[PDB]
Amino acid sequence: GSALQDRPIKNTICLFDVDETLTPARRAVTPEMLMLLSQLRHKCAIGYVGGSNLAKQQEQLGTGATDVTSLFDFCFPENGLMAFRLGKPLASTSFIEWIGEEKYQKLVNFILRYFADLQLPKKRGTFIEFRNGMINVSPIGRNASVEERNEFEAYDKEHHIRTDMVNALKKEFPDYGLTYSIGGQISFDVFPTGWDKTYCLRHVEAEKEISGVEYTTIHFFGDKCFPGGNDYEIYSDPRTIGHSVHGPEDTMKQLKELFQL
């Protein structure tokens, strides 16, 4: 393949969300999408940005013969808190490093006590999941079954469990510099302000000092581009040309129109 400075469509990168953008919901990428990405990659820079860790993208996008980092110019697991450029790791930080062990424990202890005191129809397990760039917090717990999650969602619609807990956290930890995002049925995310998918754009911008390539056309594709979705900020950011997709078929259609492919 070609170096980034040799791609013919100058100053241009396409960044993709993984789940329901490059891959069907809860499946691996198709060969047709891989073929289209490789064609796109002869024209401009490509990358992905996803919430989950590298291992997850390796399952969804890579194989036993192919490391996912070989398939994209830029890989941004964990919203870009982890990053790869042409297979090489970029320097990174983590949530626990940024907040520190002691403050992290204050946060966790508060959350555990809050959940012990919270009255709910059902409690299960996996109330806090620790990830590299955030925690995920669930009052019922992620071990809730499919049907328990449906029931919690409806209960939460009525009782505002997540909203009241977010507000309680903001009041307990007012100088912690955290953002709270309620998503899906049973949980909300907690991370340092700015550690949404826009975080990855720093790596794209830093390319200027490596190859000299200045990415002024930054296409972003995502399926949760509405307020409150995980793609909302990166979609809305004036640095990107945002493209909202319903799924991978829609992604392919838009890409083919966008680049005459």
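Start at 1 with the first residue shown and count on from there.
- As listed in the deposited structure, the average C-alpha B-factor of 56 to 64 and of 213 to 221 is greater for 56 to 64.
- For the segment pair 141 to 149 and 185 to 193, the entry gives 141 to 149 the higher mean B-factor, averaged over Cα atoms.
- Sorting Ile9, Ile241, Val18, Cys14 by the CA temperature factor given in the entry leaves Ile9 at the top.
- Ranking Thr93, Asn79, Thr163, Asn109 by Cα temperature factor from the entry places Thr93 first.
- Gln119: CA B factor in the highest third of modelled residues in this chain (values from the PDB entry).
- Split the chain's modelled residues into thirds by C-alpha temperature factor. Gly51 is in the middle one.
- Among the modelled residues of the chain, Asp175 sits in the highest third by CA temperature factor in this PDB entry.
- The entry lists a Cα temperature factor for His159 that places it in the highest third of the chain's modelled residues.
- Sorting the modelled residues of the chain by their CA temperature factor places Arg113 in the lowest third.
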